[PDB]
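Working notes, beginning with the structure itself.
Reminder, nothing fancy here: chain letters follow the sequence lines and each chain counts from 1. All values below were derived from every heavy atom in this structure, side-chain atoms included, with hydrogens, water molecules and symmetry-related copies excluded.
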Amino acid sequence: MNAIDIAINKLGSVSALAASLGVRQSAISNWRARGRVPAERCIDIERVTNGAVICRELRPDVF
Amino acid sequence: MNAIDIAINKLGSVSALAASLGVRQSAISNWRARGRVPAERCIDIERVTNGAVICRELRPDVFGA
Amino acid sequence: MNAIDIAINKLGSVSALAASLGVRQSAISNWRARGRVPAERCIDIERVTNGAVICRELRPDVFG
Amino acid sequence: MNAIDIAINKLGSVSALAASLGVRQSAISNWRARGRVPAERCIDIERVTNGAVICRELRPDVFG
Amino acid sequence: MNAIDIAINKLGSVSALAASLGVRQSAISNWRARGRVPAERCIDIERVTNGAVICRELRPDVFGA
Amino acid sequence: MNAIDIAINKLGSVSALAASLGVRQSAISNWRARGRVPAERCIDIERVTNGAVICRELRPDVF
Ligand SMILES: [Cl-]
Ligand SMILES: [Cl-]
């Protein structure tokens, strides 16, 4: 499963995830479309999802 | 503190660091100019420098404390 | 200490040298057990060691 | 070169390998003359060689 | 110069050095942390490293020049 | 014979040995009681005794 989708699963919605991270919903869409969450947002997603997804899942090329 | 410079000095030269990472010297020079190594190269740098620099020193905006 | 040994000291560890060459640590260990590095790795060793360990020291039979 | 020979190269000498295994140098020499190491020494050889010389290479009849 | 690190690198890893001396890895890590191998292990280290380090390098306060 | 006792034989007294080494008489007693001269004092004892006892006699586990 895609790591972003896991994060959406945990937050319950695109708007809730976006608000949780302080980013635009368009950002989350762009991340899903490009197949890349920004490296600098990985810890924040690991945090807001309470560990449902971790950094190495989001960006194995970085972590 | 300039983590990129510590890394260059650990290997001994920009050439040696570039070689150790499989990149062009110009890439290292660019990272240094902009003060930012690519996130996906931080572990590699930590490894080739034998831990003389660590990921959090290279990209504190990416790695945890 | 032989050429491999000093290449390792230069990089600081087997881990660091393996990473610098794009090989597994186990490959370095195998080279040490054989007593020599593959010819095809010598150029890269010379580069990543900042010239401290040169091709002709690694493989005199190849590089003279 | 066989497994014993490369274990010796890895450690650097018969002295160094004997010391690393807690055996007399004469024991190493005896193993070489027999053509194989005792099964009970294979785990330690694998360890002290940093994995370069593994049990199954030393004693295929035991370790496969 | 760090004689303990030269010894670790000669064997290839802390595990291999520990094995060669019949000690726990934690012992090697402790020696390194405190910058001092036990006097009674110096000859053993000199032997297992095939002389890549010698007793006087390990414990200059114990061995002669 | 005990190596420390040989050293005392050579220096002539506990105080002379202690002074020769720059240590407390209590140190020499402790060394005798514990059955261990400090490794870092072996060369000094070999020196002050002019070779009457040598390092390998004092600490065969070290030398
Ligand atoms: Cl032999
Ligand atoms: Cl190794």
Side-chain angles (χ1 to χ4, degrees), chain B residues 50-51, chain C residues 1-21 23-37 41 45 48-49 52-53 57-58, chain D residues 1 4-23 25 28 44-54, chain E residues 1-33 35-60 63:
Chain B
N50 200 216
Chain C
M1 278 181 253
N2 57 34
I4 295 169
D5 293 338
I6 65 167
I8 293 164
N9 289 335
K10 184 63 170 67
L11 276 285
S13 65
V14 167
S15 174
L17 184 62
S20 77
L21 297 176
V23 301
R24 296 176 184 286
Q25 293 189 43
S26 59
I28 308 298
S29 305
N30 282 336
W31 306 342
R32 302 181 95 172
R34 163 64 175 86
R36 79 195 195 166
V37 313
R41 301 290 178 181
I45 296 162
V48 302
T49 67
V53 186
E57 295 183 85
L58 291 151
Chain D
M1 278 181 253
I4 295 169
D5 293 338
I6 65 167
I8 293 164
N9 289 335
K10 184 63 170 67
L11 276 285
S13 65
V14 167
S15 174
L17 184 62
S20 77
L21 297 176
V23 301
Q25 293 189 43
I28 308 298
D44 287 343
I45 296 162
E46 185 173 314
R47 290 174 65 222
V48 302
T49 67
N50 199 208
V53 186
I54 69 175
Chain E
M1 159 187 187
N2 190 312
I4 296 168
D5 288 335
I6 298 172
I8 292 166
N9 285 336
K10 180 64 161 70
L11 277 287
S13 68
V14 171
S15 183
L17 184 59
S20 74
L21 297 174
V23 300
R24 305 264 268 279
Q25 290 192 49
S26 60
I28 307 294
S29 294
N30 184 222
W31 302 346
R32 192 191 182 283
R36 184 183 80 251
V37 311
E40 69 274 16
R41 300 324 297 276
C42 289
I43 289 178
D44 294 329
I45 296 165
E46 179 175 319
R47 289 178 175 166
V48 301
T49 69
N50 200 216
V53 297
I54 65 169
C55 288
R56 171 69 184 203
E57 297 165 331
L58 292 157
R59 291 293 302 275
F63 297 92

*asked:* Using modelled atom types and a 3.5 Å cut-off, is there a donor and acceptor pairing between side-chain atoms of C:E57 and backbone atoms of C:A3?
replied: no
*What pairs meet the salt bridge (charged side-chain N to carboxylate O under 4.0 Å, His left out) rule with one or both residues in residues 3-13 of chain C, with sequence neighbours excluded?*
C:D5-C:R32
*Nearest non-hydrogen partners of D:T49 and D:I45, listed with the distance*: OG1-O, 2.8 Å
*Check E:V37 against E:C42 and note the closest heavy-atom contact, atom names and distance.*
CG2-SG, 3.4 Å
_Residue pair C:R34, D:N9: steps toward the side chain to side chain contact (heavy atoms under 4.5 Å, CB included) verdict_ = CA-CA 7 Å; C:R34 163 64 175 86; D:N9 289 335; 5.7 Å; no
*Not counting sequence neighbours, which residues clear side chain to side chain contact (heavy atoms under 4.5 Å, CB included) with C:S15? List them please.*
C:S13, C:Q25
*asked:* So which atom in E:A39 and which in E:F63 form the shortest heavy-atom distance, rounded to 0.1 Å?
replied: O-CZ, 4.2 Å
_Closest non-hydrogen atom pair between D:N50 and E:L11, with its separation_ = CB-O, 3.5 Å
*For D:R47, which residues count as a side chain to side chain contact (heavy atoms under 4.5 Å, CB included) partner, sequence neighbours excluded?*
D:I43, D:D44, E:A19
*asked:* Ignoring hydrogens, what is the shortest heavy-atom contact between C:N30 and D:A52? Give both atom names and the distance.
replied: OD1-O, 3.7 Å
_Show the nearest heavy-atom pair for residues E:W31 and E:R41, with the distance to one decimal._
CH2-CG, 4.1 Å
